[PDB]
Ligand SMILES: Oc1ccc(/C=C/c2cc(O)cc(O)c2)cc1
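One chain follows as structure tokens, the form solved without resveratrol (STL).
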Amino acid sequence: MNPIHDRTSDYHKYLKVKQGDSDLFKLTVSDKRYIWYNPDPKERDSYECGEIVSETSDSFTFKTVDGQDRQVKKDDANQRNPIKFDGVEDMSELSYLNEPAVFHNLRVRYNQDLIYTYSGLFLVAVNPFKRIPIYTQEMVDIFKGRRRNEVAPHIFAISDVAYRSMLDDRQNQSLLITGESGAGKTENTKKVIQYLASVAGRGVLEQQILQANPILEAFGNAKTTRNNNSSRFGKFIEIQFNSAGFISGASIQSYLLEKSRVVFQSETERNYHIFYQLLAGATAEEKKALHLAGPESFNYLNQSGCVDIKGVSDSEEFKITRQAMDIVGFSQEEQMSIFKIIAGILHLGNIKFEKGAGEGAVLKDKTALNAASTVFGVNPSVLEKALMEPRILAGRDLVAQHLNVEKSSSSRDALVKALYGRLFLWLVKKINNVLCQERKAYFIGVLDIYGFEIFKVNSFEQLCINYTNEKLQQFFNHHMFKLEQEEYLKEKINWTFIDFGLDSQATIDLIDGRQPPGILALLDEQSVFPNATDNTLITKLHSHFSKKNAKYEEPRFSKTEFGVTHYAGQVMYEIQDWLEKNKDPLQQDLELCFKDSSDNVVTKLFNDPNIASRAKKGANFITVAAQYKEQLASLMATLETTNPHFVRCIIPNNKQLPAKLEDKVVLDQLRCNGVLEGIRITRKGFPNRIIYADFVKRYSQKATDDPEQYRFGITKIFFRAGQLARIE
């Protein structure tokens, strides 16, 4: 029996709306009409259902939950849909498209663990915060080759539509998964990869593609206050296919990892998972060979007050990480080298600098220094000198500095952040060498960026993340509304322009603009000015934007913060350390020390120019900001060469709890994502069009010729959704 028609199947049980009863049938055939209204006009996102009891030519009168009757103009009313629509799979079918109506449909589905719903052309996914059995091999097989309208909403379905569009159109595709922090982007990405690896698979390669993930999550993910498994790097995964449509390989591009987390974490957060995995899961012999102990013994692990995550065993995860490294093909010596570096970082963090006779720092106890040097394979006298007495040029003269305690500690931190960041890039490079083995014919690119985030303290890391999220929202705006309406004009189909009111360009320009200069440009200029400080930097930003740019705020309550109004809301950024973060300095004497390491992995991190070298920009090294803007611009150029498919992940609440939809939290996301606007253009517009000549040869204007479902353009014929798909 076909699972899609069998009401006893797990497909029906977990992906279809449950059968209503006799009492529901009664309510469903009622002739009564209802409206969504706010009991408290100050709380615009809390709605109740009232019965419409009478009407005039221009008004409705309705009963409230408590009793009393209210009036409202017909043009301001948010009418409730007939309840036969509750649970509908595609919301472009609703008679009434308004905020509480769309939220209500998502709610009915979520209450019975139906997390996926279409909104016209894109998918909406609401995080369940629990396991639902809809990703087994048996589920994969059901979606295989099925068209969107033949099956229920699912991440698998949209993945298959991209795959078929790649085969039938011979063009590259992309799956763009949006969402604020913890919304479900990474979990959904994993399912897209799973599906494509199965439906287009032949083996070992497909397993290696899958086992790349645990390695990268171990080194690249950490507990933040918004997500227990937060991705602290962005990633674009290119799944590559041959001309026949079989998987031929994969390539991973990463985006700027949060190196600062290695040396500092806020209260309740954790460092990267890998540190806890090694300390919990190391063999008693490894622990002696690496001079390890428990987390509480290390400064880099004992400052947050949190060393574990509910429902996670770090010892079990370490076993998974190691099994992944084997399948991928990291040798046993390479693995030991990797953990020697992790262990050395921890030891470096334990070095305690103290004031000496004068202002220069000294090191009284050498225990931590010696254990680090042992595992890294470097000379401890050289390391010590490089940390506290690094040599620089003054003119052309060579002068030994003697750093104070604060500067010595900061330099040790820079070493640690460089070690960890370069290791991460090396891991990605090694994975890519294994997974990518053939020139591709086509690709489906899967984008999993770090999600929009706000904390008590927001720094340069959060500005880079949030800018990226704004750029991705504008790409949605561009393809859904802007490019769409421009086609209707060029083709004179008597289309009337609509302003959908979604435009992130002003904010994007405030951040990355070149003339006049934006925030990143002024940061770069200050970064190479020898007399610049964090105070001259914030003064410059206020001078250029305060009361001049509508997306900027100089706050009256602080002298070290500035505010940017993003699509997802206003964020206040603290300027402390931005110059040093943008320059990303590392004493050369530290690099010279580690170049002489006996370890074969440590030596590649400091001698491979693709990992250890930095591009020049005239007389200065390229800034972090300039490098990042360039990487992102290149991503966006690549996406513009694909046919994009969108998944909008929505977080239900801010507590990481299941079965708890919070009205204001969800509605804020639907508004700023442009979900309703996306539905309206899908209904009022003409998604399908093809040159008349190419239409006659497959399915000129006389030849080609229900009148409503098409319109004749200057060079193409335009169909609404419903017609062009239903004639082939």
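All residue numbers refer to positions in the sequence shown, first residue = 1.
Below: the form solved in complex with resveratrol (STL), not depicted.
Student: Classify residue 268 as contacting or not contacting resveratrol (STL) in the bound PDB entry by the rule of any non-hydrogen atom within 4.5 angstroms, answering yes or no.
Tutor: Yes, contact at 4.5 Å.
Student: Should residue 638 be classed as touching resveratrol (STL) in the bound PDB entry when contacts are defined as heavy atoms within 4.5 Å?
Tutor: So residue 638 does not count as contacting resveratrol (STL).
Student: Considering only heavy atoms, tell me if residue 657 and resveratrol (STL) come within 4.5 Å of each other in the bound PDB entry.
Tutor: Residue-level check for residue 657: yes, a contact with resveratrol (STL).
Student: With a cut-off of 4.5 Å between heavy atoms, is residue 645 one of the residues that contacts resveratrol (STL) in the bound PDB entry?
Tutor: Heavy-atom contact with resveratrol (STL) at 4.5 Å: absent for residue 645.
Student: Hey, of 367 to 375, 534 to 542, 343 to 351, 217 to 225, which bit sits against resveratrol (STL) in the bound PDB entry at 4.5 Å between non-hydrogen atoms?
Tutor: The contacting stretch here is 217 to 225.
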